[PDB]
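Data first, discussion second: the structure below is written as C-alpha cells.
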Ligand SMILES: Nc1ncnc2c1ncn2[C@@H]1O[C@H](COP(=O)(O)OP(=O)(O)OP(=O)(O)O)[C@@H](O)[C@H]1O
Ligand SMILES: Nc1ncnc2c1ncn2[C@@H]1O[C@H](COP(=O)(O)OP(=O)(O)OP(=O)(O)O)[C@@H](O)[C@H]1O
Ligand SMILES: Nc1ncnc2c1ncn2[C@@H]1O[C@H](COP(=O)(O)OP(=O)(O)O)[C@@H](O)[C@H]1O
Ligand SMILES: [Mg+2]
Ligand SMILES: [Mg+2]
Ligand SMILES: [Mg+2]
C-alpha cells in the first residue's frame, strides 16, 4: 500500500510540474502580448477609457489631521474668524496682514517662554488678551491684533499648535489675496510644480530643511535656486519663502506638498494624485475629474505623474486610499495568481 | 496522465481570472528591522489585522497608536524598506482549513512547504475565535489510548484533555507524542469518525531535518494519512514561531466543531514563548520576569483552552492537546513551565535520571498526574489500574 | 518489489509526461492570447 | 459626548473624550467591534485618567478587531451584576450575563461590583469550629464558621479536589446560600462543577460566576468582584448565611500583574504590580462576616512554583483565619489530601476554642512530625539503625501518623475508584491520641493509608494480616 | 550624488543618513573612510535597521575609531560577499573575504553573498549514517553522524579546541572531500597554530580557513561564521563535494550578536542577551545542513559561560544538533580526557535501529552503571564506599573502571603529554565495554584503564602495574 501511494503521489507530482510549466509559459506569453499591445497609444487611451467606465460603475466612498480635537476645533474657530475678517481687507492689506502674522509666528518661535505662557488653556482669556495688548498693541495692525487675540483666546493642546495656527492664518491671508487677484489655479499649479521639483532634488530640500542656519540665508538660497525665476508667481513665491523661513524640523518638500494641499482645500476640493502611462486627453481629464468628484462627493483636483510602467489604466491615490487600475497590477496578479 | 486535464485546468484558471479593481486603504513603512515594521496611515486597520507588504510579504498589526502601527512581519522581512506601501486585508489573522490539510506540511499561514502543490481549503478560520464556554462543553469521558502502559494506566489521557509532556532535553517527550499519534492508526482504519482521531503535529523552532525525521517516522507507521504538520522551523521568523500553535489549533478546531476527534501536539511551547518574548521586546513592550511579556501566561492559556470536549449540542467533537515543555536542569519551577503546568489537565514529567536508570518512558510517577482520572479509562483499565500510581508513589 | 515497481512506473510516467508536454506545446499560444484578452478587458486577436 | 479609541495595545485601550465628559474611574464604557468573525461589544473599565481628556481602560473582552477612532460610549456607572434570589441556580460571567440562559436576570436589581469593605465597628472575630469529617483538617487546621479559610498549594497538588470535597461536605447540608467564583481556572473544571452541583441537587442554592484562564486579564480581575458582590447582597440584604468558594484567588493578582506595565506602572519585586497588597486588601477585606451576618469563605490560593515566599501567597496569608497548606513533597509521597501538617495553621486551634484534649493531641502530633522531619536526612544517609531506641520509636509513630492523616476523600473516587469516608471529630481525636501513645505500633504502616476512622484501620489491618 | 553621511557613531554601530529614494536595503554593504594617520582605513558597514527619516543603522566590521560625523558613505548596492571556488582551498581569509596569507588573492574569483536562505524544507532528509572516529566514548555513547551536525560543549579550558583538533586529525586527514574551518572569536595564536599544523600535515591543500578572532569588532565576529558557511555552501551546492565544516566557537557568534544588539538599542532579553538570540542562531544553523545527496558534516565547539549549561546561548544551540558531546569540569578535574560527560551527552543515532542491538545494549548498560554511580555520589562523598551494599560496592568499582576506560590517549594530546594517541575500532570498543559491564576486568587496578586504547593496551598497562589480564 505504501508503494502504491508513492506511485500515485509521483503521478500527481508529474501532472503538477506539467501544469506549472504550461501555466508559466502561457502567462509569460500573455505578458509579452500585453506589453506589445500597449505600445499603440490608441490602446493606452482605450484602456484608460475602460478604467474610467469602471469608475463610473463604482459606488461613492463612505468618507490638519495631526491636530487633536481641541486644537482642531480651535483652529476651525480661528479660520472662520479670519474668513469673516478678510471680507473688507484688500490685496495690500492682506499682504501686510500675512507679513505681520509671519513676523509674530517667528517671534513666538524664537521666544519660547512667551508662547508657552500664551498657549496654556484657560477658562478666562482676559489675562492673555491683556498680555498681547501690552506686548504688541502698536507693533502690528488692528486686524492682526484681532486675529491674534482670537487665536490665544481659544484652546491649544500643545504650545506648537499656536505657532501652527498663526502660520496657517498667514497662509490663509496669502491664499485669500491670490483668490481676490484671480490666480488661484496658477498658484495651485506653481505650488505643485515646486513640490515636484523639490521631490526631484531631495538634497536641495534637505539643505533648505534645516533651521540651524539663519532664516534669511535659506530664504535667499531658495530665491536664487528656485523661487527667483522669470515665471514664478509672486504669491506662490512669497508663500513658499515664508514657509521655508518658518520651518521647524520639517522637510521642505513635505511642507510644499502640505501648502499645495491647503491651497486646493481652501476652495473646498481634495487633491488626488493619478499615475498614468501616457498623458490623458482633455476629455479624459474632464471625465476623470467628474467621476472622482462623484465618488468622493466633493470636487477634486487632479495631479498627473506619468509613469510608463503602469502600461495603461490609472492608479489614483487620494486621502490615503488607492484605486489601482494599472495594467501592470493586473499582470502581476496574473503572474502570482496561477494555481 | 491526461493532457486534456492539464489544458482544462489552465483554461479554467484563465477564465476564472478576474483581477477587478477595488478601493484599498494604504499606509507607508516608516521604519523596519529584526522582523518588525512601523506603518504610518491605515486609518481603519483593526487590531491583529493581516497587512500586505510589497513582494508578497505579510505582517500582523499588534500595536495601534495615534501615530503608527507596530506590525510583526510573518516571514521574509529583509525586503521590507522605509517608504514601502502597506495594504489592508480587512480581516483579522486567519488560516485556510479543510480535510485537504491531512498528510501535508504547512507553515503557520497554511501555505504548503512540502512542495506538493496547493491545498484545497474548505473555508477560512480566524485564529482568535474564543474557546467553548462552560455550557458548550461536556465532561471528558472517552479514552485516547497512547499505547504506553505508564501513561494509559497512571496518567490516562481522555479526548478533549490537555496533557502536558514536560521534561529536560532528550528525555523522550517527542517519542511519547509521536507514539501517541501513531497509536491512532487502528482507530483511523476503522473508518468510524466517532473513533477516528485526526492528528496535528505543530513543530515550533525545531531543526528542519528533525521535522523531516518526524514526518518520516509518521510515514512509516502510516500515521501521515491522518496527520497534519504545522512546521515553524528554527530558520523561521519569530512571527511564525509565535503563530504556529494558533494555526494548528485553528486547523484542529475546524474538524473538532464538525464532530471529529482531533489530537494536537505542540512541540514545543517553550520556543513559542521565546518567540513571543522576542516579538514583544522588538515592539519595545515592557518586559516581566525573565524578560517575558506580562501576558505570556495568557498566550498559552487561550491556546490550550481551545482544546475541549464539545457537548452533544455542538456535535460531540473533541480536541486533545499534548503541549511539550522543555525544562533546564530539571527546573520545573522556571517561569514558563510553571505557567503551563497550571493550565493543562495534568502532566507527564520525564527525568534524565529515570531515563538513564532504564526506566523508559521516564515518567516520574510521584509528580505526574492526570486530572481526568478514571473517566479517561475503560472499565477494565480502571479496575486493574485503580490505584497503581498511588502505589508506585508509596 | 516495491522499489522495482516504483522505478518502472517512474520511467513510464516520465516518458508519458514528456510526450504529453510535447503534444500540448501547441495550445500555449491560444492560452496566452486568451489570458491577455482577459487582462486587457478587450479581446486581443494576437 | 462620546469618546473615541486612540491607542490599542493588547487588553489596554486609550480613549479620548470631549472635555467635561471624561468618565469617572472604574466606569464601564462600550465600544463596538464590527468585524464579522469577531463582532462584539467590548466593555472597557476606566483604569486611569491620563490627562488631556484621555482615559486608560482595561478591556473585559479580547480587543482583536478593534479599530482606532471608533465611538466609545460611557454608561455612567461601574460594571454591575444582577443580585437577588434569582441568581441562585444559574451560571454567570464576570459582567453579569447568564451563560446557561442568556438574557436571564437582566430585569433583576443590579449592584455595582466596586464597593467599600464593612466598617471596622461591624467586624466581630469568629471563633466557632466548622467540622468537615476530614481527619487532617479537623485535627490540625480546624475551619471556622463565618471565618476565612484558604487552601494554599502549588500547581496540581489537590486544591481543586479539596474545594470540591468541601463543597460536598459543607455546602450540601448548608441551610443558606452558596456562591462559587471560578477565577482564571479551567473551563472544563467549571463544567464539571456545574454538572456535579446539578447532580447533587445543590445547584438550586448555588450561584456560579466564571471567568476562566482563556478570558483576558480584565475579566479575571473583575470576576471575583462580581461573585463577591452577589455574596455581599446575600449577606447584607437577604440576611442569610453564605458560603463563598473562590478558585483561584491568585488569578486575580496574576491578572492584575499581566496589565500592570501596560498601564505605565513600574514593576515591583518578582514582577508583580506595585499595588499588589493594596488591591488584594481591597478585595479580601470585603470577603468577611460582619456582626450577625456570616460568610464562610473558602479560597484556593495558587502558590507559584511551590514557593511559599512568593509575594502573592505571602501577602494573601495575612487575610485568612485558617490555612491548609498543601505540599508537593507530601503529594509526591502519595499522601492525600497532600496537607503539610507542620505548615498549616488555624486561629481557633487553641485550648479555649477546641478544648484541652483536641489541642494537646494536635500539638503532640505536630511535635512528632517535626522530630521526624528533623531525623529524615539522618535516616536517609546513616540509616535508621543508628538512631536511639526513642528516636526509632518516634519514627515508627510518625510514619503511622502521617499515613493516618491521609484519607480516602469523597471527591477523589474518580482518581482511586475507592469511595470516600468521613471521620467524626471525636473519633479523629481519639485515634490520634492512640497513635501518639504508640497503641498501634504493632500494625504495618500500610494499614493506615487512605482509610477513614478506627474501624477502617482494623479492617485494613486484618486484610494485611495484622490485628487491631 | 546619492551617498549618505555619518550622523551618529556609537562604537561599532553607525547611523547613516541617505537622500530619499537612496536608502540602502537591509544587509547591504556600505563604505566609509577613516583618514586619521595610524587608523586610516575603509570601513565596511552592514545595514542592520531602517530608522525612518532616511536613516539606517549599520554594524561596522572594522573598529570605528577615528571616524568623523558627516563623512561620505557609499552604498555598494549589495551585501558582503566572499570569494568561492576551488581557489579558496589552501588559503586563509578574513570575514570580508580578504586573503591574509597572500593579499589580493581571490579578488577575481566568483563572489557569493554571505546572506542566503536555508535549503527548502522539501530538500531536507534526515541523516543516520554513523561516523566512526576511533574514540571509545564518542563511538560508544555519542556516535557521530556522517553529514549530520555535531557539537562539543564545555566551559573554559575543558578541551573543546583539543577535541576539534582530534576530530580534524581523525576525520579530515583521510577525507576525500573539502574542509572549511571557521575560527569565530577564538585565540589568534590558535589560528596560527592550526594554519601551521594543517600545512605540516598536508591537509591544508584541501582546507579553507576563515578567521574572525577575539580582537575583532562584534560585527566581524558575528559575520565570519556566515562567510565560512558561504564557502561551505558553495562546495555543497555547486561542486557536489562532501564538506567538513569545523566551527570554533559558535557561542562567540552569539556573544557578538548580544554586543551588537546592546549597541543597536534593542531591549535586552534574559541574562542580557539579544531578543533575537534564538532567531539569529536558527538562521545561522539551518544553513549548516546536508541536503538530499549533498553532505555537510559540521562540528561546532560551543563555549558554556561560567560552566552554566542553562545559559540561553548553549540552551538554544542544543536543538540544532544531531550529536552533542558535553565536556564536564568535573570529568576534566578527574584527569579523564576527553572530559566527556557520558550522561549529559547524546546522539540521535544511538538507537537499536541504527547502531545495532549489541551496541545499544552495551551503551545502555554503561549509562545505567554510570547513572547509579552518580546517584551514589551523595553517600560516597560523606561515608566513602564501605557503607554501601555488596551489589552497590561492586557496581561502584565497575563504574570507576568504566569511567576511567572511557578516557583515551588522543592523537592531539601528544603535544601535551608526549604520548602518541590510539584508535579503537568500534567492534573492539563494544566488546571491551561489554566485558567491563559484566565484571570481567574487576580484578585489574583502576589505573590500568586510564588513558589507553583497546584491550591490548589494557593488558599491557595492567601487566606493567602488576595485574595480569
Ligand atoms: N521508550 C523509549 N525507549 C528507548 N529509547 C527511547 C524511548 N523514548 C525515547 N527514546 C530515545 O530517547 C532519545 C530522546 O527521545 P526524544 O527525541 O523523543 O526526546 P525529546 O525529549 O523530545 O528530545 P529533544 O530535546 O531532542 O527534543 C531518542 O534517542 C529516542 O529514540
Ligand atoms: N586530551 C588532552 N590531553 C591532555 N591535556 C589536554 C587534553 N585536552 C585538553 N588538555 C589540556 O587542556 C588545555 C585546554 O584545552 P583546549 O584549549 O582544547 O580547551 P578549550 O575548551 O578549547 O578551552 P577555551 O575555553 O580556553 O577555548 C590544553 O591546553 C591542555 O593543557
Ligand atoms: N485526594 C486525592 N486522592 C487521589 N488523587 C488526588 C487527590 N487530590 C488530588 N489528586 C490528584 O492530584 C491532581 C491535582 O488536583 P487538583 O486540585 O485538580 O489540582 P490543583 O491542586 O492544582 O487544583 C488531581 O487531578 C488528582 O489526580
Ligand atoms: Mg523533541
Ligand atoms: Mg485547580
Ligand atoms: Mg578553545
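Protein chains in written order, with full-length UniProt numbering: chain A, 100 to 162, 169 to 444; chain B, 6 to 399; chain C, 121 to 166; chain D, 8 to 475; chain E, 7 to 475. We put the CB at the ideal spot given by N, CA and C, even for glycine.
- When 9 Å is used as the limit between beta carbons, residue 166 of chain C is near these residues of chain A: 132, 135, 136, in chain order.
- Under the Cβ criterion (8 Å, minimum of three pairs), the segment 76-85 of chain D counts as touching the segment 29-45 of chain D.
- Within the DSSP secondary-structure output, residue 232 of chain B pairs in a beta bridge with B:204.
- Scanning D:228, D:252, D:211 for the CA closest to the CA of residue 261 of chain D turns up D:228.
- Taking a Cβ-Cβ threshold of 9 Å, none of the residues of chain B is close to residue 392 of chain A; the smallest such distance is about 16 Å.
- Straight-line measurement puts the Cα of residue 134 of chain E at about 51 Å from the Cα of residue 23 of chain E.
- Close partners of residue 282 of chain B in chain E (Cβ separation under 9 Å): 275, 276, 281.
- Within chain B, no residue has its beta carbon less than 8 Å from that of residue 360 of chain E; the closest one is some 12 Å off.
- Think of a sphere of 8 Å around the beta carbon of residue 27 of chain E: the chain A residues whose beta carbon falls inside it are 307, in chain order.
- Closer than 7 Å at the C-beta level to chain E, one finds these residues of the segment 384-412 of chain D: 388.
- Put simply, the CB of residue 128 of chain C is far from chain B, with every gap to its CB atoms at 8 Å or more.
- Judged by their CB atoms, residue 152 of chain B and residue 184 of chain B are nearer to each other than the 8 Å cut-off.
- DSSP, read as helix, strand or coil, puts residue 210 of chain B in coil.
- The contact set of residue 24 of chain B on chain A, defined by CB atoms closer than 8 Å, consists of 434, 435, 438, 439, 442 in chain order.
- No Cβ of chain A is located within less than 8 Å of the beta carbon of residue 163 of chain C.
- At a Cβ-Cβ threshold of 8 Å, residue 169 of chain D and residue 344 of chain D count as neighbours.
- Of all alpha-carbon atoms in A:189, A:155, A:268, the one lying nearest the alpha-carbon of residue 212 of chain A is that of A:268.
- Using a Cβ distance threshold of 8 Å, residue 66 of chain D and residue 120 of chain D do not count as a contacting pair.
- Assignment of beta-bridge partners to residue 63 of chain E by DSSP yields E:21, E:55.
- According to DSSP, residue 293 of chain A shares a beta bridge with no other residue.
- Pairwise C-beta distances place the segment 416-430 of chain A in contact with the segment 388-404 of chain A, as three or more of them are shorter than 8 Å.
- Between the segment 430-441 of chain A and the segment 124-144 of chain C there are fewer than three C-beta pairs closer than 8 Å, too few to call the two in contact.
- Under the DSSP assignment, residue 428 of chain A falls in the beta strand (DSSP E) whose first and last residues are 426-429.
- Contact annotation, residue 149 of chain E with residue 353 of chain E: C-beta distance approximately 5 Å; criterion of less than 8 Å satisfied.
- Chain order gives the chain D residues near residue 291 of chain B as 268, 269, 274, where near means a beta carbon separation below 8 Å.
- Scanning the segment 322-371 of chain E from its first residue to its last, the whole alpha helix (DSSP H) runs of 4-plus residues come out as 335-339, 358-361.
- Short note on residue 285 of chain E: C-beta not closer than 7 Å to any heavy atom of ligand 6.
- Between residue 117 of chain B and chain A, the shortest Cβ-Cβ separation is not below 8 Å.
- One alpha carbon belongs to residue 86 of chain B, the other to residue 73 of chain B, and they sit about 16 Å apart.
- For the pair residue 238 of chain E and residue 249 of chain E, the CB atoms are nearer than the 8 Å cut-off.
- In this structure the segment 157-164 of chain B does not touch the segment 143-154 of chain A; the number of beta carbon pairs closer than 8 Å is below three.
- A residue is called buried when at least 16 other Cβ atoms come within 10 angstroms of its Cβ; residue 208 of chain D does not meet this threshold and is exposed.
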